[PDB]
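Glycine gets a Cβ as well: all are built from the backbone with ideal geometry, and neighbour counts include every protein chain shown. Please treat every number below as a calculation from the coordinates, not as lab data.
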Amino acid sequence: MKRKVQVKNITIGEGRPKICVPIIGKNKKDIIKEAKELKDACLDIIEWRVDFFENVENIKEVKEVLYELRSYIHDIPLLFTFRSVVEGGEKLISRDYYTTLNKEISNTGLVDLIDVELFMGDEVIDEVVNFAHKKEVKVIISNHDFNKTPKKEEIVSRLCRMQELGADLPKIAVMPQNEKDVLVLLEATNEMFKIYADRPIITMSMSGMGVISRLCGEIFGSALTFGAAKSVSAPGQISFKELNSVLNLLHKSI
Amino acid sequence: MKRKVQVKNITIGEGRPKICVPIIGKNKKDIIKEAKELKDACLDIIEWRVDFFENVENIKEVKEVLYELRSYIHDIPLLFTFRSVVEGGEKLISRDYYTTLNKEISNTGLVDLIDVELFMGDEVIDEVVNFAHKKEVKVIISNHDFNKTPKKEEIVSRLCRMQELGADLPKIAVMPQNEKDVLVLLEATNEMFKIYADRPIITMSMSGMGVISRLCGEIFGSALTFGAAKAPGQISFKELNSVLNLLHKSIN
Ligand SMILES: *Cc1oc(C(=O)O)cc(=O)c1O
Ligand SMILES: *Cc1oc(C(=O)O)cc(=O)c1O
């Protein structure tokens, strides 16, 4: 069977996919303003994309925001994510600081999950994952491809590697070059879900063409889907309110 | 550059998929009541599933419903469909009457489209298609598999055959036995759409597992999607419409 991943009072891997919405504010004021817009909406998890925070290199200022943020969102599960430049992020930092940041923040007891990138390598991952687990923090190990959709077996191989590395929630995001690529991502998702996964997984096909992948998790297997805070697309994004409506519509269809 | 299909003021094959809702009333009063709920609603096309009509074997009573129905939906495109028993319908009728019914209703000038089944055979199809076209009525040629999802290539072969038989709108509905079957239906749809189609097509994967196929037609290539008026595997048409516009705006 499979393990479920409990964060706060939310059970990832059970029922309807959970909706996660990111906070991308550049400063403390904007982050809190974003948080207040999300604290009482129908969403499941809030992600703090800390790589947008201008003072991310100062651990003390990062902690200060985290304290305040925690106080406003109460018991909503919080995912901490520093997305590196190579995988779409906003700020260059060292490998050593990436490790320190994630460890120090996991140590606060204020974050429920952290996102660590597969591409950082086994040394970094082993250190950050083991420490997060010591602090009862759940781990998403993520990988992105912004130019293509790897073959089904490649996608499955990466998700399996993420399980082997101790990810509580393997995550993969790929870019379709055509409509068939969106279907490959969905095919890989379900094969993993059905045959290889012993825990919940997170997958998406990016761009406008890949949006179906954000809607059909309950059927194909993605356990978490990401909505945008605002009601304006990138495009390829869906505002979280509208995403909630679609997920409920599909949950009730069966 | 690909042909669109124009019915009244609705352009099928352009922009978001068009929403079609069936009326399944067993009698005239019930059919009218249903039409009254759909007339000022957010949908594009109304389908009359005439096989549910108890007096379907009386062409004069079928026409009577049609004249009354048109006083309520004068400008909404109307699709006329007698779904046969072999393809999930309610009423057994002869092959001759199936042909007669579709011809006399096409001749009234009061329906914008009719739906005839591919597996009725070329003789029946050729006669009905030819006559419908002389009256400027659009024809959906449909095919259903309630037990399984044929292989991608067989789905494409059927959609191609429908085009060869003069369908204005090829239509296929298949039943998934697993999640991959839903992807097979979507893959066949886009393959047909991009490589072999010279007109709009309509496709769907049935049941709760295939519901996603009713929502993503703009990306994959289905030009019409069917909502329910009031059942697992069906989506109320009211919701269907917000979703389609939401997805139309999210395109690159
Ligand atoms: C988590 C996650 O989500 C998206 C998205 O577009 O919603 C993209 C992405 O790269 C990522 O890591
Ligand atoms: C047109 C059409 O729609 C459905 C549906 O489930 O909406 C099924 C079906 O057999 C058909 O012909």
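Of everything in the range A:220-237, what is more than 10 Å from ligand 1 (Cβ to nearest atom) and assigned to a loop (DSSP other than H, G, I, E, B)? Give them in sequence order. Step through it out loud before you land on a result.
Kept after step one, since they are more than 10 Å from ligand 1 (Cβ to nearest atom), are these residues of the range A:220-237: A:220-223, A:229-233, A:235.
Selection gives A:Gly221, A:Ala223, A:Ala229, A:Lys230, A:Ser231, A:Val232, A:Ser233, A:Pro235.
Applying the selection to the range A:194-206, what residues are within 14 Å of another protein chain (Cβ to nearest Cβ), away from ligand 1 (no atom under 14 Å from the Cβ) and not aliphatic (A, V, I, L, M)?
A:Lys194, the sole residue that qualifies.
Quick test of your reading of the structure: B:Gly121 fulfils all but one of (1) surrounded by 19 or more Cβ atoms within 10 Å (Cβ to Cβ); (2) farther than 26 Å from B:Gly217 by Cα; (3) of a type in the set (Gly, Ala, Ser). Name the failing condition by number.
Against the list (1) surrounded by 19 or more Cβ atoms within 10 Å (Cβ to Cβ); (2) farther than 26 Å from B:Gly217 by Cα; (3) of a type in the set (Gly, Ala, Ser), B:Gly121 comes up short only on (1).
Within the range A:133-155, restricting attention to residues that are hydrophobic (A, V, I, L, M, F, W, C) and within 13 Å of A:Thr81 (Cβ to Cβ), which residue is nearest to the chain's Cα centre (by Cα)? Before you say what the answer is, go through the steps one by one.
Residues of the range A:133-155 that are hydrophobic (A, V, I, L, M, F, W, C), as a first pass: A:137, A:139-141, A:146, A:155.
Checking the rest, the ones that are also within 13 Å of A:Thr81 (Cβ to Cβ) come to A:137, A:139-141.
On the way: A:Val137: 14, A:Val139: 10, A:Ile140: 7, A:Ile141: 9 Å.
So the residue we want is A:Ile140.
Looking at this structure, is A:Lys171 more than 12 Å from chain B (Cβ to nearest Cβ), charged (D, E, K, R) and away from ligand 2 (no atom under 16 Å from the Cβ)?
yes
Looking at (1) near ligand 2 (Cβ under 10 Å from one of its atoms); (2) surrounded by fewer than 23 Cβ atoms within 10 Å (Cβ to Cβ), can you tell me which one B:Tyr196 breaks?
Against the list (1) near ligand 2 (Cβ under 10 Å from one of its atoms); (2) surrounded by fewer than 23 Cβ atoms within 10 Å (Cβ to Cβ), B:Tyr196 comes up short only on (1).
Of the numbered conditions (1) in contact with a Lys or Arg (Cβ under 9 Å, 6 or more places away or on another chain); (2) away from chain A (no Cβ under 14 Å), B:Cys160 fails exactly one; give the number of that condition.
It fails just one condition, (1).
Name the residues in the range B:215-243 that are within 23 Å of A:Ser233 (Cα to Cα), more than 9 Å from chain A (Cβ to nearest Cβ) and crowded, with 24+ Cβ neighbours inside 10 Å, would you?
B:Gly217
Between B:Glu179, B:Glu191, B:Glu187, which is over 16 Å from B:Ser222 (Cβ atoms), within 11 Å of chain A (Cβ to nearest Cβ) and buried (at least 17 other Cβ atoms within 10 Å of the Cβ)?
Only one candidate passes the filter, namely B:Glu179.
Filter the range B:51-86 down to residues that are away from ligand 2 (no atom under 16 Å from the Cβ), aromatic (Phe, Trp, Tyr) and assigned to a helix (DSSP H, G or I) and give me whichever is farthest from B:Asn9 (Cα to Cα). Steps first, please.
To start, the set of residues in the range B:51-86 that are away from ligand 2 (no atom under 16 Å from the Cβ) comprises B:53-76.
Then keep just the ones that are aromatic (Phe, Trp, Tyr); that gives B:53, B:67, B:72.
If we keep only those that are assigned to a helix (DSSP H, G or I) as well, we get B:67, B:72.
Values: B:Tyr67: 20, B:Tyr72: 17 Å.
Among them, the one singled out is B:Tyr67.
Answer yes if at least one residue in the range A:160-179 is in a helix (DSSP H, G or I), farther than 22 Å from B:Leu186 by Cβ, of a type outside the set (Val, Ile, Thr) and within 16 Å of ligand 1 (Cβ to nearest atom), and no otherwise. Spell out the reasoning first.
As a first pass, look at the range A:160-179 and keep what is in a helix (DSSP H, G or I): A:160-164, A:179.
If we keep only those that are farther than 22 Å from B:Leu186 by Cβ as well, we get A:160-164.
Checking the rest, the ones that are also of a type outside the set (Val, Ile, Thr) come to A:160-164.
Next cut, within 16 Å of ligand 1 (Cβ to nearest atom) only: A:162.
Within the range A:160-179 (the criterion being in a helix (DSSP H, G or I), farther than 22 Å from B:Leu186 by Cβ, of a type outside the set (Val, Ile, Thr) and within 16 Å of ligand 1 (Cβ to nearest atom)), the answer is yes, since at least one residue qualifies.
Residue by residue, here is whether (1) in contact with a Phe, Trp or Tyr (Cβ under 6 Å, 6 or more places away or on another chain); (2) surrounded by 15 or more Cβ atoms within 10 Å (Cβ to Cβ); (3) polar (S, T, N, Q); (4) closer than 30 Å to B:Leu183 by Cα holds:
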site: A:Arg70; (1), (2), (3), (4): no, yes, no, no
site: A:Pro77; (1), (2), (3), (4): no, yes, no, no
site: A:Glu87; (1), (2), (3), (4): no, yes, no, yes
site: A:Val116; (1), (2), (3), (4): no, yes, no, no
site: A:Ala132; (1), (2), (3), (4): no, yes, no, no
site: A:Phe146; (1), (2), (3), (4): no, no, no, yes
site: A:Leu159; (1), (2), (3), (4): no, yes, no, yes
site: A:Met162; (1), (2), (3), (4): no, yes, no, yes
site: A:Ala167; (1), (2), (3), (4): no, yes, no, yes
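Please tell me if B:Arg16 is surrounded by fewer than 17 Cβ atoms within 10 Å (Cβ to Cβ) and more than 30 Å from B:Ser94 (Cβ to Cβ). Outline the logic, then answer.
Values: surrounded by fewer than 17 Cβ atoms within 10 Å (Cβ to Cβ): no; more than 30 Å from B:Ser94 (Cβ to Cβ): yes.
No: the conditions fail for B:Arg16.
Would you mind stating whether B:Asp145 is within 16 Å of ligand 2 (Cβ to nearest atom) and within 28 Å of B:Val184 (Cα to Cα)? Can you show your working first?
On the way: within 16 Å of ligand 2 (Cβ to nearest atom): yes; within 28 Å of B:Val184 (Cα to Cα): yes.
Answer is yes for this residue.
For A:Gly217, indicate whether it is within 13 Å of ligand 1 (Cβ to nearest atom) and not aliphatic (A, V, I, L, M).
Numbers: within 13 Å of ligand 1 (Cβ to nearest atom): yes; not aliphatic (A, V, I, L, M): yes.
Criteria met by A:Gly217.
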